[PDB]
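**Q**
There are 2 protein chains.
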Amino acid sequence: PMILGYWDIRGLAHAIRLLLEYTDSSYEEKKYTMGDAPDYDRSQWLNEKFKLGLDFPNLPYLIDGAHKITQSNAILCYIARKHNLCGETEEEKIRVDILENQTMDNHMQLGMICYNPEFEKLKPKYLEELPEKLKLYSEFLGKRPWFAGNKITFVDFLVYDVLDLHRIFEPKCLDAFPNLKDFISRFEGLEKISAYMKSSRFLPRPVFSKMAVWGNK
Amino acid sequence: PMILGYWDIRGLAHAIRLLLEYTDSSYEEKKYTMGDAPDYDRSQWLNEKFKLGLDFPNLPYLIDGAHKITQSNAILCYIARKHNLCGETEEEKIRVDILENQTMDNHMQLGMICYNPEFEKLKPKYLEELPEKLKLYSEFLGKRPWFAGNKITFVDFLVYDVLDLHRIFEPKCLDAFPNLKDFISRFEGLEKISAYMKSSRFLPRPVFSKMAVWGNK
Ligand SMILES: N[C@@H](CCC(=O)N[C@@H](CS)C(=O)NCC(=O)O)C(=O)O
Ligand SMILES: N[C@@H](CCC(=O)N[C@@H](CS)C(=O)NCC(=O)O)C(=O)O
Ligand SMILES: [Zn+2]
Ligand SMILES: [Zn+2]
């Protein structure tokens with residue numbers, strides 16, 4: 001079956017996992033354990049990084065038979081294409097492309113300060129700007145059931161992940177955007193999504209690696 | 001005609017520009033000037049950031065009639081889809097997806113240290129690792145004329161940009177990979193690309209913004 005390599009954490013593999021489950025894909029997981037500080041030993045991965053036959057060795061990676069893939073968004077499109085979740089109309093594809101990258105940006109913005117030793121200092125400013133960021137997603141979604149349009153796409157997994165990570169960071173952050181909350185309900189309401197969230201496989205934390213100042217555990 | 005907003009620099013708009021020219025697309029450019037230090041006044045853009053009707057106000061952006069787009073990779077796919085340069089076969093799309101993101105990573109890696117005030121100190125390490133990064137691209141391309149396969153795709157523009165930025169940073173960097181040099185020859189060898197490189201429109205520098213430590217001018 002398919003095999004998804006990644007750290008023994010949520011991180012970037014989250015949306016993928018969620019996607020794999022929703023698509024009822026058959027897959028295994030090669031979770032890599034990172035050593036404790038101050039070393040943060042990553043040999044478990046490095047002693048296999050270049051033996052998997054990946055073109056650009058990295059985490060996460062996906063191995064589907066002869067197909068060795070890296071880069072989260074690439075892995076998602078790969079899985080999505082097999083289930084027509086990459087968009088169909090012209091406008092659908094545009095929205096998918098924009099979000100695919102937008103979420104990636106917002107995700108890093110968060111991860112940047114969370115990995116920053118001076119995290120406690122930067123937090124006040126980040127929170128001040130967050131409402132605006134969230135608002136943007138709200139404006140974008142509008143009265144649509146999903147982000148791409150009427151049909152769910154892989155970007156809905158990416159958007160969810162981001163929004164979830166934020167209700168976790170600042171719980172009240174979503175209160176001002178009812179439609180976004182409905183999105184989360186609607187998303188977590190999906191059959192296979194709900195079932196998986198209740199299974200032993202569900203790994204919502206640690207949000208980041210051990211090197212993080214926040215969500216490291 | 002189409003309109004491409006961005007800073008009065010190379011940056012992320014480079015590959016786009018290159019793509020637009022090769023596609024013989026009709027377009028204008030809304031270059032935004034950033035103020036000198038220590039303020040780096042960005043008012044010229046901020047006083048118009050939210051009036052363009054962009055979903056996620058950002059630079060670069062592309063306006064094609066009713067279509068307002070942001071996110072470099074999104075803009076590229078938009079332009080590419082109009083000219084069938086987004087890939088066709090399954091393997092083609094995979095490669096496109098991987099590179100589309102890989103290049104973005106390598107580009108930031110460069111941009112990160114060049115914007116880092118302690119640039120001179122980090123440089124030795126970055127150069128030590130670069131050969132391997134380059135090697136990967138070499139390994140990937142192989143005997144193929146283009147990265148996606150036999151046909152040129154928008155990623156060849158993204159890969160070129162990255163490679164170019166590095167021969168500029170470290171000229172001898174490519175000497176060890178002849179196939180990558182042939183790629184640059186073959187790319188700058190394209191009729192519309194060559195013509196554009198010789199026109200008044202060509203803007204190879206500044207590589208980055210004024211806030212940069214390297215390639216700021
Ligand atoms: N754009 C890449 C970024 C991947 C990346 O930097 N992954 C980090 C984890 S978030 C990693 O630990 N990679 C393993 C390594 O650097 O060897 C993606 O989406 O896969
Ligand atoms: N992932 C984005 C990066 C966008 C970005 O941060 N662009 C810079 C220049 S490289 C910018 O000036 N953005 C305007 C802003 O965020 O105000 C893309 O490819 O569009
Ligand atoms: Zn990470
Ligand atoms: Zn930039």
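Residue numbers (the authors' numbering), protein chains in the order written: chain A, 1 to 217; chain B, 1 to 217. By construction, the Cβ of each residue, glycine as well, lies at the ideal position given by its N, Cα and C atoms.
Using a Cβ-Cβ cut-off of 8 Å (strictly less than) and excluding sequence neighbours within five positions of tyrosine 27(A), which residues of its own chain qualify?
**A** Translated into positions along the first sequence, residue 27(A) becomes position 27. Closer than 8 Å at the Cβ level, and outside the excluded window around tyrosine 27(A), lie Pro1, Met2, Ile3, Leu4, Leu20.
**Q** Cβ of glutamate 100(B) within 9 Å of Cβ of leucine 158(B)?
**A** By one-based count along the second sequence, residue 100(B) stands at place 100. By one-based count along the second sequence, residue 158(B) stands at place 158. A contact, by the Cβ cut-off of 9 Å.
**Q** Cβ atoms of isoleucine 63(B) and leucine 203(B): under 9 Å apart, would you say?
**A** For the purposes of this step, residue 203(B) is taken as the residue at position 203 of the second sequence. For the purposes of this step, residue 63(B) is taken as the residue at position 63 of the second sequence. No, these two residues do not count as a Cβ contact at 9 Å.
**Q** Grab me the residues of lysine 143(B)'s own chain with a C-beta within less than 7 Å of its C-beta, minus the 5 sequence neighbours each way, in chain order.
**A** Here residue 143(B) corresponds to residue number 143 of the second sequence, with the count starting at 1. Around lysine 143(B): no qualifying Cβ.
**Q** Identify whether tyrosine 40(A) lies in helix, strand or coil by the three-state DSSP scheme.
**A** Along the first sequence, read from residue 1 onward, the residue named residue 40(A) stands at position 40. DSSP places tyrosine 40(A) in coil when its eight states are reduced to three.
**Q** Roughly how many whole angstroms lie between the Cα atoms of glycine 149(A) and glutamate 92(A)?
**A** Mapped onto the first sequence, residue 149(A) falls at position 149. Mapped onto the first sequence, residue 92(A) falls at position 92. Taking the straight line joining both Cα atoms gives about 7 Å.
**Q** If the cut is a Cβ gap below 9 Å, which residues of chain B does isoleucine 69(A) touch?
**A** As a position in the first sequence, residue 69(A) is number 69, starting the count at 1. Within 9 Å Cβ-Cβ: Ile94, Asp97, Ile98.
**Q** Quick check: does the Cβ of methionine 104(A) come within less than 8 Å of any heavy atom belonging to ligand 1?
**A** Indexing the first sequence from 1 puts residue 104(A) at position 104. Yes; taking the cut-off as 8 Å, the Cβ of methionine 104(A) has a heavy atom of ligand 1 nearer than that.
**Q** For the candidate residues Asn216(A), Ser138(A), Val155(A), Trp214(A), whose alpha-carbon lies nearest to that of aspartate 182(A)?
**A** Taking the first residue of the first sequence as 1, we reach residue 182(A) at position 182. Closest option to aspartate 182(A), Cα to Cα, is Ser138(A).
**Q** Counting contacts by CB-CB distance shorter than 9 Å, is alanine 74(A) in contact with chain B?
**A** As a first step, residue 74(A) is located in the first sequence; it is residue number 74 there, counting from the start. Yes, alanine 74(A) counts as interfacial toward chain B.
**Q** Does the distance from the CB of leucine 110(A) to the CB of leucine 59(A) come in under 9 Å?
**A** As a working note, residue 110(A) is residue 110 in the first sequence. As a working note, residue 59(A) is residue 59 in the first sequence. Not closer than 9 Å, so no.
**Q** Does any residue of chain A bring its CB to less than 9 Å from the CB of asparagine 101(B)?
**A** Counting from one through the second sequence, the residue named residue 101(B) turns up at place 101. Judged by the 9 Å Cβ criterion, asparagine 101(B) is in contact with chain A.
**Q** Is the Cβ of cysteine 77(A) closer than 9 Å to any Cβ of chain B?
**A** For the purposes of this step, residue 77(A) is taken as the residue at position 77 of the first sequence. By this cut-off, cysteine 77(A) is an interface position.
**Q** With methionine 2(B) as the anchor, note down where its beta strand (DSSP E) starts and where it stops.
**A** Locating residue 2(B) in the second sequence gives position 2, counting from the first residue. Looking at the DSSP string, the run of the beta strand (DSSP E) that includes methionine 2(B) is 2-7.
**Q** Please report whether the beta-carbon of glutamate 90(B) lies at a distance below 9 Å from any beta-carbon of chain A.
**A** Taking the second sequence and counting its residues from 1, the one referred to as residue 90(B) is at position 90. It does; some Cβ of chain A falls within 9 Å.
**Q** Could you check whether the Cβ of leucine 134(A) sits closer than 9 Å to any Cβ belonging to chain B?
**A** Along the first sequence, read from residue 1 onward, the residue named residue 134(A) stands at position 134. By this cut-off, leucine 134(A) is not an interface position.
**Q** Using 9 Å as the threshold, is the C-beta distance between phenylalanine 147(B) and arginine 186(B) below it?
**A** Counting from 1 along the second sequence, the entry for residue 147(B) is found at position 147. Counting from 1 along the second sequence, the entry for residue 186(B) is found at position 186. In this structure, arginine 186(B) does not lie closer than 9 Å to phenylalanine 147(B) by Cβ.
**Q** Should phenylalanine 208(A) be listed as close to ligand 3, given that the test is whether its C-beta is under 8 Å from any heavy atom?
**A** Here residue 208(A) refers to the residue found at position 208 of the first sequence. Yes, ligand 3 has a heavy atom inside 8 Å of this Cβ.
**Q** Within 10 Å of its beta-carbon, does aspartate 55(B) have 16 or more other beta-carbons around it, so buried, or fewer, so exposed?
**A** On the second sequence, residue 55(B) is found 55 positions in, with the first residue counted as 1. So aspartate 55(B) counts as buried.
**Q** Out of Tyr22(B), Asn116(B), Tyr32(B), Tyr61(B), which one is the CA nearest neighbour of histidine 83(B)?
**A** In the second sequence, counting from the first residue as 1, residue 83(B) sits at position 83. Nearest of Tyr22(B), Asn116(B), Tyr32(B), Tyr61(B) to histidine 83(B), Cα basis: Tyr22(B).
**Q** Which of helix, strand or coil does DSSP assign to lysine 30(A)?
**A** One-based indexing of the first sequence puts residue 30(A) at position 30. Strand at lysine 30(A).
**Q** Anything in the segment 40-55 of chain B with a Cβ closer than 8 Å to a Cβ of chain A? List those residues in chain order, please.
**A** For the segment 40-55 of chain B, which is checked against every Cβ of chain A, the residues closer than 8 Å are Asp55.
**Q** Which residues in chain A sit within 8 Å of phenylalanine 140(B), going by Cβ to Cβ distance?
**A** Translated into the one-based positions of the second sequence, residue 140(B) becomes position 140. Going along chain A in sequence order, the residues near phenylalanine 140(B) (Cβ under 8 Å) are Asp55, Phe56.
**Q** Pick out the complete alpha helix (DSSP H) segments inside the segment 108-151 of chain A, 4 residues or longer, and give them in chain order.
**A** For the segment 108-151 of chain A, whole alpha helix (DSSP H) runs of length 4 or above, ordered along the chain, are 119-141.
**Q** DSSP on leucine 62(A), reduced to helix/strand/coil?
**A** Residue 62(A) sits at position 62 when you count from the first residue of the first sequence. Strand, per DSSP.
**Q** Can you give me the start and stop residues for the beta strand (DSSP E) that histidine 67(A) sits inside?
**A** The sequence position of residue 67(A) within the first sequence is 67, counting from 1. Start and end: 67-70.
**Q** Using the Cα positions of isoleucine 113(B) and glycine 65(B), report the straight-line distance between them to the nearest angstrom.
**A** Here residue 113(B) corresponds to residue number 113 of the second sequence, with the count starting at 1. Here residue 65(B) corresponds to residue number 65 of the second sequence, with the count starting at 1. Spanning the two alpha carbons is a distance of roughly 38 Å.
**Q** When the Cβ atoms of the segment 39-55 of chain A are set against those of the segment 115-126 of chain B, are three or more pairs found closer than 8 Å?
**A** Verdict: no, contact absent.
**Q** What is the DSSP secondary structure of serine 194(A), reduced to helix, strand or coil?
**A** Working through the first sequence from its first residue, we reach residue 194(A) at position 194. In this structure, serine 194(A) counts as helix in the three-state DSSP scheme.
**Q** State the Cα-Cα distance for the pair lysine 30(A) and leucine 12(A), rounded to the nearest angstrom.
**A** Taking the first sequence and counting its residues from 1, the one referred to as residue 30(A) is at position 30. Taking the first sequence and counting its residues from 1, the one referred to as residue 12(A) is at position 12. Cα to Cα, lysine 30(A) sits roughly 14 Å from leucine 12(A).
**Q** Considering only their Cβ atoms, is the gap separating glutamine 102(A) from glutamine 71(B) smaller than 9 Å?
**A** Taking the first residue of the second sequence as position 1, residue 71(B) is located at position 71. Taking the first residue of the first sequence as position 1, residue 102(A) is located at position 102. In this structure, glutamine 102(A) lies closer than 9 Å to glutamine 71(B) by Cβ.
**Q** Below 8 Å on the Cβ atoms is my guess for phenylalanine 154(A) versus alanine 212(A); work out the distance and round it to an integer in Å.
**A** The residue you call residue 154(A) lines up with position 154 of the first sequence. The residue you call residue 212(A) lines up with position 212 of the first sequence. With 8 Å as the limit, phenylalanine 154(A) and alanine 212(A) do not qualify as a contact, their Cβ atoms being about 26 Å apart.
**Q** Does any residue of chain B bring its CB to less than 9 Å from the CB of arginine 186(A)?
**A** As a working note, residue 186(A) is residue 186 in the first sequence. Answer no: the Cβ-Cβ gap between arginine 186(A) and chain B never drops below 9 Å.
**Q** What is the DSSP secondary structure of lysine 217(B), reduced to helix, strand or coil?
**A** The count along the second sequence starts at 1 and reaches residue 217(B) at position 217. Here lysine 217(B) sits in coil by DSSP.
**Q** Return yes when the Cβ of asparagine 116(B) is within less than 9 Å of the Cβ of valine 162(B), no when it is not.
**A** Position 162 of the second sequence, counted from the first residue, corresponds to residue 162(B). Position 116 of the second sequence, counted from the first residue, corresponds to residue 116(B). For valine 162(B) and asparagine 116(B), no; Cβs fall outside 9 Å.
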